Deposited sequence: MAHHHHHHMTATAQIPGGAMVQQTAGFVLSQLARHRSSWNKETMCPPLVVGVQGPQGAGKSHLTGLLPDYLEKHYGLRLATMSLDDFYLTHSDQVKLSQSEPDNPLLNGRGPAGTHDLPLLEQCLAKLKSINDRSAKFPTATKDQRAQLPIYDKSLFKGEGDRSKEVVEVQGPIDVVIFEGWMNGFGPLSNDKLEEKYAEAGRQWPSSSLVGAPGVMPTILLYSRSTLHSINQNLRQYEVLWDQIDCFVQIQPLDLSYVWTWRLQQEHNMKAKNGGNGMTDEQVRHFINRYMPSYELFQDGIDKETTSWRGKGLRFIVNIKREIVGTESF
C-alpha cells in the first residue's frame, strides 16, 4: 500500500491501457506481461497483485523465476555434467531453470484470453532434499481471462555478453583490485553462465514492460540478505543459514549482478522505452525514479 506499490500500480495501469490501445489483431488482447527484477532482500510483488485486483478490478497471474528451477533430478544431471563449475553445483544462476517449462507457461498465460482459458503453474519447494530443493507436486491454478502477468525474478531480463565483453569486465576487475566477486571464479566458469544466459532471450522477449528495483549500491544485497535470514530465524525458532553461509550464498549470485544486470537497460529489449526503475537506499526507501 506504500509509495512503491502505488507508483507501480499507476505504471501497470498506464502500460495496460497502451497495450489495449495498441493491440491490432482479431484475437482477444493478451495479458500485459510485466517483467520485474530486484535484488535479494512484505515486498512489491507480494502486495501488488492484491492491490490491483482489489482497487482496480484487474485479474492477475504471477510467475516467479524460482518456481521454475530444474527438478532435483535434472539439477543433479547438470551438476554432474559440469563438475568444475561451482556456480552450477546447485540451483541459482543461469542454467539452473527449466526453460521449456518457463516458455510453455508464459505462452499458456499469453493465450489465456483467447476465445479452455486455464493454466497450471509450478511450485518449487526449497526445503526438499535437505534444502537442495525440488519441484513440488502442488501447482497454482490460473483461471482466465487475465489482465496482467507479473513475471519476476532476481535475474529477470539479465543480458548475456559477447565473449570479448565478458573478458573486458574480468580483466578490468583484476586491474582495479569490496573485491568484485567475479574474481572468485575462473573465466571458464563465468563463460558457462554467460552461455547459459543466452538461452533465456526467447523468454525475455515475451515481456512487454518492466519494473526494476535498483539499490544505490550493490553492497546492499549482502546486508539485506543477512537481515532477511535474521528476520526469518527470529520467527521460525532459529533455523537458517549462519552469517558466513549467507555470505557464501550471495557470492554465488553477485557475479551475475556484476556481469549481466546492465542487459535490462539496452536498445534491443522488448521493453525498451517501457521500463520503470526505482532507485532505493539501504532502508529500501525510494530515493529516485527513472524511466527506461
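- request: Take the full deposited sequence, match it to the modelled residues, and report the stretches without C-alphas.
  value: Several stretches lack coordinates - namely 1 to 16, 58 to 60, 135 to 143, 206 to 215, in sequence order.
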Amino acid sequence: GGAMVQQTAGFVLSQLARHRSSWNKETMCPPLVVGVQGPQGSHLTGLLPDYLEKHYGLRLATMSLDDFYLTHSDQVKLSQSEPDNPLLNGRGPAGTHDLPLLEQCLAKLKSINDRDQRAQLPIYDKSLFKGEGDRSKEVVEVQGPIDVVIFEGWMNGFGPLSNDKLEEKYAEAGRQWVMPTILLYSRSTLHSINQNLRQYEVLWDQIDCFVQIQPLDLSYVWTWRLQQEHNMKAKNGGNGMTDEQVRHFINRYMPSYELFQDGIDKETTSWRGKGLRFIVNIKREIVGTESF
From here on, numbers count along this sequence of modelled residues.
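- request: For the higher mean C-alpha B factor in the entry, choose 178 to 186 or 71 to 79.
  value: Averaging CA B-factors over each stretch, the winner is 178 to 186.
Segment of higher mean CA temperature factor, 228 to 236 or 250 to 258: Result of the comparison: 228 to 236.
field: Per the PDB entry, maximal CA B factor within 283, 277, 19, 274
entry: Of the options given, 283 has the highest CA B-factor in the PDB entry.
- prompt: Based on the PDB record, which member of 218, 203, 150, 173 exhibits the highest Cα temperature factor?
  reply: In the PDB entry, the greatest C-alpha B-factor among 218, 203, 150, 173 is found at 218.
- request: For residue 65, return the chain-relative third of its C-alpha B-factor as stated in the PDB record: lowest, middle or highest.
  value: Lowest third - that is where residue 65 ends up once the chain's C-alpha B-factors are sorted.
Chain-wide C-alpha B factor ranking for residue 158, given as lowest, middle or highest third: Lowest third - that is where residue 158 ends up once the chain's C-alpha B-factors are sorted.
- prompt: According to the PDB entry, is the CA B factor of residue 267 in the bottom, middle or top third of its chain, that is, lowest, middle or highest?
  reply: Within its chain, residue 267 is a lowest-third residue by C-alpha B-factor, going by the deposited values.
- request: Ordered by C-alpha B-factor within the chain, which third holds residue 24? Give me lowest, middle or highest, please.
  value: Tercile = highest for this residue's CA B-factor.
- request: Just say lowest, middle or highest third for the CA B-factor of residue 116 relative to the other modelled residues in its chain.
  value: Tercile = highest for this residue's CA B-factor.
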